[PDB]
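As structure tokens, the structure follows; a few thoughts come after it.
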Amino acid sequence: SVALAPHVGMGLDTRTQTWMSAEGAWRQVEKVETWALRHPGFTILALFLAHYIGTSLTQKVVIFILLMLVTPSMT
Amino acid sequence: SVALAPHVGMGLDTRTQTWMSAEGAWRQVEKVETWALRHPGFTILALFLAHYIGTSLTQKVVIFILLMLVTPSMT
Amino acid sequence: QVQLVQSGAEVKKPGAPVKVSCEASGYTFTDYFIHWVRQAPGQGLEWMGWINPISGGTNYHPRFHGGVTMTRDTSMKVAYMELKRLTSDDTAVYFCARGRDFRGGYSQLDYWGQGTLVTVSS
Amino acid sequence: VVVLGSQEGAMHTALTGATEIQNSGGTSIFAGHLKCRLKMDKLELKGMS
Amino acid sequence: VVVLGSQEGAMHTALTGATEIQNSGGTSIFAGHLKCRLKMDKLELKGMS
Amino acid sequence: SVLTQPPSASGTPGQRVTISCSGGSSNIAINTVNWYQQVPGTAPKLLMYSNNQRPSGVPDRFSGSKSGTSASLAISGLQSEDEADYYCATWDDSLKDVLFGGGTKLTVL
Ligand SMILES: *[C@@H]1O[C@H](CO)[C@@H](O[C@@H]2O[C@H](CO)[C@@H](O[C@@H]3O[C@H](CO)[C@@H](O)[C@H](O)[C@@H]3O)[C@H](O)[C@H]2NC(C)=O)[C@H](O)[C@H]1NC(C)=O
């Protein structure tokens, strides 16, 4: 494919190993983390957006985590 | 692999268009759209989560849209 | 050893399809290429198209897409090329050669056969 | 107009959750489960006596 | 052990936001940008006479 | 682009004669050139299976390389048995096809 929609989580799994598990386990996460360490500018805006949206620490945390996670994965 | 993390927003602005502006302008939204059309199940879960966490209207809609964007991209 | 028999030369009439068989044994046929280079009398030889036996399709020279077809079989390790249309132009001997899949080796035609010859006339 | 290269590695990266089989003439597809209702009707121990 | 193919189209996909620089002899970087100053004192009107 | 090499004559006394191959910025300036010599009327053999590497051709006297847009071959101690047509073929990557040359009628006196 365009390698943007990996064939993952289809549910039709078996005891045997998949094509690539040791790397696909952390591929997307490592992309997000290298993004975040490269560019901290988005973090300030994400913190502000989570903070000034109606704030209960549950809501603030979930909004901040999602907003900091979505932009890197889906640029 | 390297197919992930394009430097779409890298900021080296230019007047002429880029390598693939036409496709890259919409490929991510295309991935999300085809993921949603393939799998309708996540919509119910996102609606449930937003409805039972969103205190207000705007918080609910923001939570719903972020959840519906992150998961297809994180797939 | 590794070689290509290339069957025997045959000559036909215009407006009919002719076949050129090309068998190469002695090595694992799957990995390597077959190139099908044409050579005219008193003229330079030009290459037309690959065929990957394992999964490959035709990738003809721009001059020859829709003019020739290439098929193959893995069990017998033979590559088939046939001429879907014989005009007066194609009066030459057609070759076979083994090619590598390396980017620098697309032109690597190490081994060649005898050369099946076909000419067209009334 | 450009031909946009070769998508092979993109494919190999894409199928990140697919299983594996073997392709040698016919294909023996591994990685599957099958239930079987065993029938112990006629089994008898050797050397009981 | 496997080989994981070739990353040609992978790289072609990756360089989405980059520009194009046609290199035939050395490099010829197009899509440039540059600031200039025009000192226009010595511009004859050419039609005074 | 397309490659064109010239036909030329030579003599049986040993001398360096250069079969120059000229191409473009997309076909030979970046890729490995391949040199072929054919005994006329039969199957051509391969003379150089890399840029400057010969598999089993006449050693120590057939050697050449490429410079920028041009590739060249040098032969030393050329006798009569070397009467052959010499071909330079390079892989064109823009048109996704190998680019064979017209041919040199290298005649040795
Ligand atoms: C796609 O482009 C290729 C070239 O890039 C076109 O190949 C052209 O094909 C024609 C006929 O097949 C060639 O004409 C022939 O020229 C020789 C020259 O000696 C002449 O002796 C023959 O009688 C014949 O007229 C033409 O030269 C060739 N062009 C080349 C080699 O540059 C091909 O037709 C194109 N395909 C299309 C438009 O569908």
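Convention: chains lettered A, B, ... in structure tokens order; per-chain residue numbering from 1; ligands numbered from 1 as shown.
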Determine which residues of stretch 4-108 of chain C receive a DSSP assignment of strand (DSSP E or B), computed from the backbone, and state them as a PyMOL selection string. chain C and resi 4+12+18-25+33-34+37-39+45-47+65+68-73+78-83+92-94+97-99
As a CSV table (one decimal) with C-alpha atoms, in the first residue's frame, please: chain B after a least-squares superposition onto chain A using all C-alpha atoms matched in order.
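In the end it all went to part.csv:
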```csv
chain,number,residue,atom,x,y,z
B,1,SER,CA,0.4,4.9,-0.5
B,2,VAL,CA,0.0,1.3,0.4
B,3,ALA,CA,2.5,1.7,3.2
B,4,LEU,CA,-0.4,3.3,5.2
B,5,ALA,CA,-3.2,1.3,6.7
B,6,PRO,CA,-1.6,-2.0,7.8
B,7,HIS,CA,-4.1,-4.6,8.9
B,8,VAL,CA,-2.7,-4.7,12.4
B,9,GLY,CA,-6.0,-5.2,14.1
B,10,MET,CA,-7.6,-7.1,11.3
B,11,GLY,CA,-8.5,-9.8,13.8
B,12,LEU,CA,-7.5,-13.0,12.0
B,13,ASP,CA,-5.9,-14.3,15.2
B,14,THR,CA,-3.2,-16.9,15.0
B,15,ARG,CA,-0.9,-18.6,17.5
B,16,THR,CA,2.5,-18.0,15.8
B,17,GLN,CA,3.7,-14.4,15.4
B,18,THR,CA,3.1,-12.3,12.4
B,19,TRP,CA,5.3,-11.0,9.6
B,20,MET,CA,6.9,-8.2,11.6
B,21,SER,CA,5.6,-8.2,15.1
B,22,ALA,CA,8.8,-6.9,16.7
B,23,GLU,CA,9.0,-3.6,14.7
B,24,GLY,CA,5.2,-3.1,14.1
B,25,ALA,CA,4.6,-3.4,17.8
B,26,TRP,CA,6.4,-0.1,18.4
B,27,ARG,CA,6.8,1.7,15.0
B,28,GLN,CA,3.8,4.0,15.5
B,29,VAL,CA,4.9,5.0,19.0
B,30,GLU,CA,8.4,5.5,17.6
B,31,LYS,CA,7.0,7.8,15.0
B,32,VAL,CA,5.1,9.8,17.6
B,33,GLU,CA,8.2,10.0,19.8
B,34,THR,CA,10.6,11.1,17.1
B,35,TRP,CA,8.0,13.7,15.9
B,36,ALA,CA,7.8,15.1,19.4
B,37,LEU,CA,11.6,15.2,19.9
B,38,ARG,CA,11.9,17.0,16.5
B,39,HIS,CA,9.2,19.5,17.2
B,40,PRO,CA,8.6,20.8,20.7
B,41,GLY,CA,6.3,23.6,19.6
B,42,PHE,CA,3.1,21.7,19.5
B,43,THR,CA,3.3,20.8,23.2
B,44,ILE,CA,2.7,24.4,24.3
B,45,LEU,CA,-0.3,24.7,21.9
B,46,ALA,CA,-1.8,21.4,23.2
B,47,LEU,CA,-1.3,22.5,26.8
B,48,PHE,CA,-3.0,25.8,26.1
B,49,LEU,CA,-6.0,24.2,24.3
B,50,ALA,CA,-6.5,21.6,27.0
B,51,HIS,CA,-6.2,24.2,29.8
B,52,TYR,CA,-8.7,26.5,28.2
B,53,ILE,CA,-11.2,23.8,27.2
B,54,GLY,CA,-10.8,21.2,29.9
B,55,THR,CA,-13.4,21.9,32.7
B,56,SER,CA,-12.0,19.1,34.9
B,57,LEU,CA,-8.7,17.4,35.3
B,58,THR,CA,-9.6,14.2,33.5
B,59,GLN,CA,-11.1,16.1,30.5
B,60,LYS,CA,-8.0,18.2,30.3
B,61,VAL,CA,-5.6,15.3,30.3
B,62,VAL,CA,-7.7,13.3,27.8
B,63,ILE,CA,-7.8,16.3,25.4
B,64,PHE,CA,-4.1,16.9,25.8
B,65,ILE,CA,-3.1,13.2,25.1
B,66,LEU,CA,-5.5,13.0,22.1
B,67,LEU,CA,-4.2,16.2,20.6
B,68,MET,CA,-0.6,15.1,21.2
B,69,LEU,CA,-1.3,11.8,19.5
B,70,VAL,CA,-3.4,12.9,16.5
B,71,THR,CA,-1.2,15.6,15.0
B,72,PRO,CA,2.1,13.7,14.8
B,73,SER,CA,0.2,10.8,13.2
B,74,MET,CA,-1.8,13.1,10.8
B,75,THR,CA,1.6,14.6,9.7
```
Return chain D as a tab-separated table (two decimals) with N, CA, C and O atoms, in the first residue's frame, after superposing it on chain E by a least-squares fit that covers all C-alpha atoms paired in order.
```tsv
chain	number	residue	atom	x	y	z
D	1	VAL	N	15.70	-15.35	7.57
D	1	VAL	CA	16.00	-13.94	7.37
D	1	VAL	C	15.57	-13.53	5.97
D	1	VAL	O	15.84	-14.24	5.00
D	2	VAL	N	14.90	-12.38	5.86
D	2	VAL	CA	14.47	-11.85	4.58
D	2	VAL	C	14.93	-10.40	4.48
D	2	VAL	O	15.14	-9.71	5.48
D	3	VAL	N	15.08	-9.92	3.23
D	3	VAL	CA	15.72	-8.64	2.97
D	3	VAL	C	14.73	-7.48	2.87
D	3	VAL	O	15.16	-6.33	2.73
D	4	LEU	N	13.43	-7.75	2.94
D	4	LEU	CA	12.40	-6.71	3.06
D	4	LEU	C	12.32	-5.80	1.83
D	4	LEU	O	12.01	-4.62	1.93
D	5	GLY	N	12.60	-6.37	0.66
D	5	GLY	CA	12.23	-5.72	-0.59
D	5	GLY	C	12.94	-4.41	-0.84
D	5	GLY	O	14.09	-4.19	-0.43
D	6	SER	N	12.24	-3.50	-1.53
D	6	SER	CA	12.83	-2.28	-2.07
D	6	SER	C	12.00	-1.09	-1.62
D	6	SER	O	10.82	-0.99	-1.99
D	7	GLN	N	12.61	-0.17	-0.88
D	7	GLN	CA	11.88	0.95	-0.29
D	7	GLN	C	11.72	2.14	-1.22
D	7	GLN	O	11.44	3.24	-0.75
D	8	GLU	N	11.89	1.95	-2.53
D	8	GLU	CA	11.88	3.08	-3.45
D	8	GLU	C	10.55	3.83	-3.43
D	8	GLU	O	10.52	5.05	-3.22
D	9	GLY	N	9.45	3.11	-3.62
D	9	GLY	CA	8.15	3.78	-3.65
D	9	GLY	C	7.82	4.43	-2.32
D	9	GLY	O	7.17	5.47	-2.28
D	10	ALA	N	8.26	3.82	-1.22
D	10	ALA	CA	8.05	4.42	0.08
D	10	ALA	C	8.73	5.78	0.16
D	10	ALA	O	8.15	6.75	0.67
D	11	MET	N	9.95	5.87	-0.37
D	11	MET	CA	10.63	7.16	-0.41
D	11	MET	C	9.89	8.16	-1.28
D	11	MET	O	9.64	9.30	-0.87
D	12	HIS	N	9.50	7.74	-2.50
D	12	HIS	CA	8.81	8.68	-3.39
D	12	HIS	C	7.51	9.18	-2.78
D	12	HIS	O	7.12	10.33	-3.01
D	13	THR	N	6.83	8.34	-2.00
D	13	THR	CA	5.66	8.80	-1.27
D	13	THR	C	6.03	9.67	-0.07
D	13	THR	O	5.25	10.56	0.29
D	14	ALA	N	7.20	9.45	0.53
D	14	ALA	CA	7.56	10.17	1.74
D	14	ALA	C	7.74	11.66	1.48
D	14	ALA	O	7.14	12.50	2.16
D	15	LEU	N	8.53	12.01	0.47
D	15	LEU	CA	8.89	13.41	0.24
D	15	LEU	C	7.72	14.15	-0.41
D	15	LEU	O	7.77	14.61	-1.55
D	16	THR	N	6.64	14.27	0.36
D	16	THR	CA	5.39	14.84	-0.13
D	16	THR	C	5.37	16.36	-0.09
D	16	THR	O	4.45	16.97	-0.63
D	17	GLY	N	6.39	16.99	0.50
D	17	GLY	CA	6.43	18.44	0.55
D	17	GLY	C	7.74	19.01	0.06
D	17	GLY	O	7.97	20.22	0.15
D	18	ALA	N	8.61	18.16	-0.47
D	18	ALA	CA	9.89	18.60	-0.98
D	18	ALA	C	9.72	19.26	-2.35
D	18	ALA	O	8.79	18.96	-3.10
D	19	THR	N	10.65	20.16	-2.66
D	19	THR	CA	10.65	20.87	-3.93
D	19	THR	C	11.45	20.05	-4.95
D	19	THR	O	11.76	18.88	-4.72
D	20	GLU	N	11.78	20.65	-6.08
D	20	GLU	CA	12.48	19.97	-7.16
D	20	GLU	C	13.66	20.79	-7.66
D	20	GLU	O	13.63	22.02	-7.62
D	21	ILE	N	14.69	20.10	-8.12
D	21	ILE	CA	15.81	20.71	-8.81
D	21	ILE	C	16.07	19.91	-10.08
D	21	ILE	O	15.30	19.01	-10.43
D	22	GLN	N	17.16	20.25	-10.77
D	22	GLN	CA	17.59	19.51	-11.95
D	22	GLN	C	19.00	19.00	-11.70
D	22	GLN	O	19.85	19.75	-11.21
D	23	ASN	N	19.25	17.74	-12.02
D	23	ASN	CA	20.58	17.14	-11.87
D	23	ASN	C	21.10	16.78	-13.25
D	23	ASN	O	20.69	15.77	-13.83
D	24	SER	N	22.00	17.60	-13.77
D	24	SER	CA	22.63	17.37	-15.07
D	24	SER	C	24.06	17.90	-14.97
D	24	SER	O	24.30	19.09	-15.20
D	25	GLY	N	24.99	17.01	-14.65
D	25	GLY	CA	26.32	17.47	-14.29
D	25	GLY	C	26.22	18.26	-13.00
D	25	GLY	O	26.01	17.70	-11.91
D	26	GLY	N	26.39	19.57	-13.10
D	26	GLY	CA	26.06	20.43	-11.97
D	26	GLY	C	24.56	20.53	-11.79
D	26	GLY	O	23.79	20.27	-12.72
D	27	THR	N	24.14	20.91	-10.59
D	27	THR	CA	22.73	20.99	-10.25
D	27	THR	C	22.30	22.45	-10.17
D	27	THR	O	22.86	23.23	-9.40
D	28	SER	N	21.30	22.80	-10.97
D	28	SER	CA	20.71	24.14	-10.95
D	28	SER	C	19.47	24.07	-10.06
D	28	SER	O	18.40	23.64	-10.50
D	29	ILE	N	19.62	24.52	-8.82
D	29	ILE	CA	18.54	24.43	-7.83
D	29	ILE	C	17.55	25.56	-8.09
D	29	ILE	O	17.85	26.72	-7.82
D	30	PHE	N	16.38	25.22	-8.60
D	30	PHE	CA	15.32	26.21	-8.78
D	30	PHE	C	14.64	26.45	-7.43
D	30	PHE	O	15.13	26.03	-6.38
D	31	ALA	N	13.51	27.15	-7.45
D	31	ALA	CA	12.63	27.29	-6.29
D	31	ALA	C	13.33	27.97	-5.11
D	31	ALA	O	13.50	27.39	-4.03
D	32	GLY	N	13.74	29.22	-5.32
D	32	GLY	CA	14.33	30.02	-4.27
D	32	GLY	C	14.12	31.50	-4.54
D	32	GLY	O	13.97	31.93	-5.68
D	33	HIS	N	14.11	32.27	-3.46
D	33	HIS	CA	13.91	33.71	-3.56
D	33	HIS	C	15.15	34.44	-3.06
D	33	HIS	O	15.85	33.97	-2.16
D	34	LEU	N	15.41	35.59	-3.66
D	34	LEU	CA	16.55	36.42	-3.31
D	34	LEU	C	16.14	37.88	-3.40
D	34	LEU	O	15.59	38.31	-4.42
D	35	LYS	N	16.42	38.65	-2.35
D	35	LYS	CA	16.14	40.08	-2.38
D	35	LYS	C	17.31	40.80	-3.02
D	35	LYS	O	18.46	40.38	-2.90
D	36	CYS	N	17.00	41.89	-3.73
D	36	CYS	CA	18.03	42.68	-4.38
D	36	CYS	C	17.63	44.15	-4.30
D	36	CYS	O	16.53	44.51	-4.70
D	37	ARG	N	18.53	44.97	-3.78
D	37	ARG	CA	18.30	46.41	-3.66
D	37	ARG	C	18.73	47.06	-4.96
D	37	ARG	O	19.92	47.27	-5.20
D	38	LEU	N	17.76	47.36	-5.81
D	38	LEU	CA	18.06	47.95	-7.11
D	38	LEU	C	18.67	49.33	-6.93
D	38	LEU	O	18.35	50.05	-5.98
D	39	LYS	N	19.57	49.70	-7.83
D	39	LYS	CA	20.21	51.01	-7.82
D	39	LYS	C	19.97	51.66	-9.18
D	39	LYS	O	20.50	51.22	-10.20
D	40	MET	N	19.16	52.72	-9.19
D	40	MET	CA	18.79	53.42	-10.42
D	40	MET	C	19.62	54.67	-10.65
D	40	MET	O	19.11	55.68	-11.13
D	41	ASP	N	20.90	54.62	-10.31
D	41	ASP	CA	21.72	55.83	-10.31
D	41	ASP	C	21.95	56.35	-11.72
D	41	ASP	O	21.76	57.54	-11.99
D	42	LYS	N	22.35	55.48	-12.65
D	42	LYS	CA	22.86	55.92	-13.94
D	42	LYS	C	21.91	55.67	-15.10
D	42	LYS	O	22.27	55.95	-16.25
D	43	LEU	N	20.71	55.14	-14.86
D	43	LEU	CA	19.80	54.88	-15.97
D	43	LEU	C	19.28	56.18	-16.56
D	43	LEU	O	18.82	57.07	-15.83
D	44	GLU	N	19.36	56.30	-17.87
D	44	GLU	CA	18.91	57.48	-18.60
D	44	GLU	C	18.10	57.01	-19.80
D	44	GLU	O	18.42	55.99	-20.42
D	45	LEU	N	17.04	57.75	-20.13
D	45	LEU	CA	16.12	57.35	-21.18
D	45	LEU	C	16.76	57.64	-22.53
D	45	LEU	O	17.33	58.71	-22.73
D	46	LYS	N	16.66	56.70	-23.46
D	46	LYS	CA	17.09	56.99	-24.82
D	46	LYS	C	16.06	57.88	-25.48
D	46	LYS	O	14.86	57.76	-25.21
D	47	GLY	N	16.51	58.80	-26.33
D	47	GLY	CA	15.60	59.64	-27.07
D	47	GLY	C	14.85	60.67	-26.26
D	47	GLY	O	13.76	61.08	-26.66
D	48	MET	N	15.40	61.11	-25.12
D	48	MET	CA	14.75	62.17	-24.37
D	48	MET	C	14.70	63.46	-25.17
D	48	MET	O	13.68	64.16	-25.17
D	49	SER	N	15.77	63.78	-25.88
D	49	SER	CA	15.83	64.96	-26.73
D	49	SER	C	15.34	64.69	-28.14
D	49	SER	O	15.42	65.58	-28.99
```
So which residues are near ligand 1, meaning at most 10 Å away with only C-alpha atoms and all ligand atoms counted, given back as a PyMOL selection string? (chain C and resi 43+46+61-67+88-90) or (chain F and resi 2+95)
Output the selection as an mmCIF file, in the first residue's frame - N, CA, C and O atoms for each residue.
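In the end it all went to out_14.cif:
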```
data_model
loop_
_atom_site.group_PDB
_atom_site.id
_atom_site.type_symbol
_atom_site.label_atom_id
_atom_site.label_comp_id
_atom_site.auth_asym_id
_atom_site.auth_seq_id
_atom_site.Cartn_x
_atom_site.Cartn_y
_atom_site.Cartn_z
ATOM 1 N N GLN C 43 23.006 -4.311 -38.815
ATOM 2 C CA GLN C 43 22.462 -3.241 -37.992
ATOM 3 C C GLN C 43 22.744 -3.550 -36.531
ATOM 4 O O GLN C 43 23.033 -4.690 -36.161
ATOM 5 N N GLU C 46 19.034 -4.013 -30.545
ATOM 6 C CA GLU C 46 18.314 -3.218 -29.558
ATOM 7 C C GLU C 46 17.500 -4.152 -28.678
ATOM 8 O O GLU C 46 16.962 -5.154 -29.159
ATOM 9 N N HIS C 61 10.251 -2.359 -24.698
ATOM 10 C CA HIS C 61 10.744 -1.078 -25.172
ATOM 11 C C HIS C 61 9.571 -0.252 -25.691
ATOM 12 O O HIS C 61 8.614 -0.814 -26.238
ATOM 13 N N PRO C 62 9.594 1.068 -25.518
ATOM 14 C CA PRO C 62 8.464 1.891 -25.978
ATOM 15 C C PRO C 62 8.096 1.670 -27.435
ATOM 16 O O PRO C 62 6.935 1.874 -27.812
ATOM 17 N N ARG C 63 9.053 1.254 -28.265
ATOM 18 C CA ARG C 63 8.761 0.996 -29.670
ATOM 19 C C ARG C 63 7.867 -0.221 -29.860
ATOM 20 O O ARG C 63 7.238 -0.362 -30.914
ATOM 21 N N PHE C 64 7.795 -1.110 -28.873
ATOM 22 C CA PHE C 64 7.279 -2.444 -29.123
ATOM 23 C C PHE C 64 6.160 -2.889 -28.193
ATOM 24 O O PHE C 64 5.812 -4.075 -28.206
ATOM 25 N N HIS C 65 5.581 -1.995 -27.396
ATOM 26 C CA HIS C 65 4.412 -2.380 -26.615
ATOM 27 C C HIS C 65 3.205 -2.483 -27.535
ATOM 28 O O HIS C 65 2.931 -1.568 -28.318
ATOM 29 N N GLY C 66 2.483 -3.597 -27.446
ATOM 30 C CA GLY C 66 1.408 -3.898 -28.350
ATOM 31 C C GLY C 66 1.882 -4.495 -29.658
ATOM 32 O O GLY C 66 1.060 -4.811 -30.524
ATOM 33 N N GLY C 67 3.198 -4.636 -29.824
ATOM 34 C CA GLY C 67 3.715 -5.279 -31.017
ATOM 35 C C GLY C 67 4.160 -6.704 -30.757
ATOM 36 O O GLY C 67 4.135 -7.546 -31.658
ATOM 37 N N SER C 88 6.625 -6.143 -42.831
ATOM 38 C CA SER C 88 7.837 -6.380 -43.607
ATOM 39 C C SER C 88 9.075 -5.933 -42.841
ATOM 40 O O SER C 88 10.202 -6.283 -43.214
ATOM 41 N N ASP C 89 8.888 -5.163 -41.766
ATOM 42 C CA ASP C 89 10.030 -4.579 -41.067
ATOM 43 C C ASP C 89 10.827 -5.634 -40.309
ATOM 44 O O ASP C 89 12.057 -5.692 -40.424
ATOM 45 N N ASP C 90 10.150 -6.478 -39.536
ATOM 46 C CA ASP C 90 10.829 -7.423 -38.653
ATOM 47 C C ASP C 90 11.397 -8.565 -39.488
ATOM 48 O O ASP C 90 10.752 -9.604 -39.660
ATOM 49 N N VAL F 2 19.752 9.572 -25.971
ATOM 50 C CA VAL F 2 20.114 8.299 -26.581
ATOM 51 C C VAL F 2 21.610 8.322 -26.852
ATOM 52 O O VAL F 2 22.197 9.378 -27.102
ATOM 53 N N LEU F 95 13.351 6.197 -18.921
ATOM 54 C CA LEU F 95 12.453 5.454 -19.792
ATOM 55 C C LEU F 95 12.288 4.001 -19.369
ATOM 56 O O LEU F 95 11.555 3.261 -20.035
#
```
Two-atom distance - atom CA of residue C:48, atom CA of residue F:51 (Å): 22.3 Å
Write out as a count of residues only the set of residues from chain D that DSSP, computed on the backbone, places in alpha helix (DSSP H). 7
Given only C-alpha atoms, how would the per-residue table for chain F near chain D read, listing every residue at most 12 Å away with its closest atom pair and distance in Å to one decimal, sorted by chain and number, as a Markdown table?
```
| residue | atom | partner | partner_atom | distance |
| --- | --- | --- | --- | --- |
| F:93 | CA | D:5 | CA | 10.1 |
| F:94 | CA | D:2 | CA | 8.2 |
| F:95 | CA | D:3 | CA | 9.4 |
| F:96 | CA | D:3 | CA | 9.4 |
```
Output the selection as a PDB file, in the first residue's frame - N, CA, C and O atoms for each residue.
```
ATOM      1  N   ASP F  93      17.137   4.945 -16.897  1.00  0.00           N
ATOM      2  CA  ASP F  93      16.247   4.869 -15.748  1.00  0.00           C
ATOM      3  C   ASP F  93      15.017   5.749 -15.903  1.00  0.00           C
ATOM      4  O   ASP F  93      13.994   5.491 -15.264  1.00  0.00           O
ATOM      5  N   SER F  94      15.093   6.790 -16.734  1.00  0.00           N
ATOM      6  CA  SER F  94      13.913   7.601 -17.010  1.00  0.00           C
ATOM      7  C   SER F  94      12.898   6.827 -17.841  1.00  0.00           C
ATOM      8  O   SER F  94      11.707   6.792 -17.512  1.00  0.00           O
ATOM      9  N   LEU F  95      13.351   6.197 -18.921  1.00  0.00           N
ATOM     10  CA  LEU F  95      12.453   5.454 -19.792  1.00  0.00           C
ATOM     11  C   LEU F  95      12.288   4.001 -19.369  1.00  0.00           C
ATOM     12  O   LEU F  95      11.555   3.261 -20.035  1.00  0.00           O
ATOM     13  N   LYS F  96      12.948   3.582 -18.293  1.00  0.00           N
ATOM     14  CA  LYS F  96      12.809   2.240 -17.728  1.00  0.00           C
ATOM     15  C   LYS F  96      13.115   1.163 -18.773  1.00  0.00           C
ATOM     16  O   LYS F  96      12.359   0.214 -18.977  1.00  0.00           O
TER      17      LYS F  96
END
```
Pick out the chain F residues within 7 Å of chain C. Count only C-alpha atoms. Give them as JSON, numbers by chain. {"F": [31, 32, 34, 43, 46, 49, 89, 90, 91, 97, 98, 100, 101, 102, 103]}
Just-selected residues, N, CA, C and O atoms written as an mmCIF file, in the first residue's frame:
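Output below, filename again-v8.cif:
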```cif
data_model
loop_
_atom_site.group_PDB
_atom_site.id
_atom_site.type_symbol
_atom_site.label_atom_id
_atom_site.label_comp_id
_atom_site.auth_asym_id
_atom_site.auth_seq_id
_atom_site.Cartn_x
_atom_site.Cartn_y
_atom_site.Cartn_z
ATOM 1 N N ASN F 31 24.684 5.397 -13.962
ATOM 2 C CA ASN F 31 24.533 3.952 -13.935
ATOM 3 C C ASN F 31 25.783 3.269 -14.467
ATOM 4 O O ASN F 31 26.658 3.898 -15.066
ATOM 5 N N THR F 32 25.856 1.962 -14.234
ATOM 6 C CA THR F 32 26.981 1.179 -14.721
ATOM 7 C C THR F 32 26.826 0.910 -16.213
ATOM 8 O O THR F 32 25.790 0.412 -16.660
ATOM 9 N N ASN F 34 27.872 -1.069 -19.739
ATOM 10 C CA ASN F 34 28.209 -2.443 -20.079
ATOM 11 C C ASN F 34 28.771 -2.495 -21.492
ATOM 12 O O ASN F 34 28.168 -1.952 -22.424
ATOM 13 N N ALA F 43 26.372 -15.111 -31.738
ATOM 14 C CA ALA F 43 25.905 -14.487 -30.509
ATOM 15 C C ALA F 43 26.983 -13.604 -29.897
ATOM 16 O O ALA F 43 28.086 -14.098 -29.622
ATOM 17 N N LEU F 46 29.715 -11.002 -23.645
ATOM 18 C CA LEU F 46 29.839 -9.858 -22.754
ATOM 19 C C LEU F 46 31.315 -9.597 -22.486
ATOM 20 O O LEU F 46 32.056 -10.517 -22.124
ATOM 21 N N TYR F 49 31.330 -6.875 -17.397
ATOM 22 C CA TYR F 49 30.110 -7.092 -16.630
ATOM 23 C C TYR F 49 29.937 -6.087 -15.502
ATOM 24 O O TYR F 49 29.060 -6.272 -14.653
ATOM 25 N N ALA F 89 26.248 -0.564 -23.843
ATOM 26 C CA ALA F 89 24.843 -0.541 -23.470
ATOM 27 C C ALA F 89 24.706 -0.074 -22.032
ATOM 28 O O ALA F 89 25.372 -0.597 -21.135
ATOM 29 N N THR F 90 23.830 0.903 -21.820
ATOM 30 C CA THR F 90 23.585 1.449 -20.496
ATOM 31 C C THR F 90 22.095 1.391 -20.205
ATOM 32 O O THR F 90 21.258 1.437 -21.109
ATOM 33 N N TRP F 91 21.772 1.275 -18.922
ATOM 34 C CA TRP F 91 20.384 1.212 -18.490
ATOM 35 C C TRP F 91 19.841 2.628 -18.374
ATOM 36 O O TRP F 91 20.338 3.426 -17.574
ATOM 37 N N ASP F 97 14.260 1.329 -19.429
ATOM 38 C CA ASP F 97 14.689 0.415 -20.476
ATOM 39 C C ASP F 97 16.190 0.576 -20.672
ATOM 40 O O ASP F 97 16.748 1.645 -20.418
ATOM 41 N N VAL F 98 16.847 -0.494 -21.117
ATOM 42 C CA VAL F 98 18.283 -0.395 -21.365
ATOM 43 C C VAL F 98 18.473 0.257 -22.729
ATOM 44 O O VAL F 98 17.628 0.118 -23.619
ATOM 45 N N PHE F 100 20.811 0.392 -25.810
ATOM 46 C CA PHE F 100 21.899 -0.167 -26.592
ATOM 47 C C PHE F 100 22.302 0.814 -27.687
ATOM 48 O O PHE F 100 21.484 1.573 -28.210
ATOM 49 N N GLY F 101 23.584 0.797 -28.050
ATOM 50 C CA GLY F 101 24.127 1.707 -29.031
ATOM 51 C C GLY F 101 24.027 1.157 -30.446
ATOM 52 O O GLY F 101 23.712 -0.009 -30.676
ATOM 53 N N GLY F 102 24.300 2.042 -31.405
ATOM 54 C CA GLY F 102 24.247 1.644 -32.802
ATOM 55 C C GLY F 102 25.309 0.624 -33.165
ATOM 56 O O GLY F 102 25.024 -0.367 -33.843
ATOM 57 N N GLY F 103 26.535 0.846 -32.727
ATOM 58 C CA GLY F 103 27.583 -0.127 -32.972
ATOM 59 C C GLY F 103 28.815 0.480 -33.619
ATOM 60 O O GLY F 103 28.733 1.461 -34.368
#
```
Can you tell me which residues surround residue C:75 at a distance of at most 12 Å, considering only C-alpha atoms, apart from same-chain residues fewer than 6 positions away, and format the answer as number ranges by chain? C: 23-25, 28-30, 53-54; D: 24-25
Atomic separation - atom CA of residue C:11 relative to atom CA of residue C:57, Å: 27.0 Å
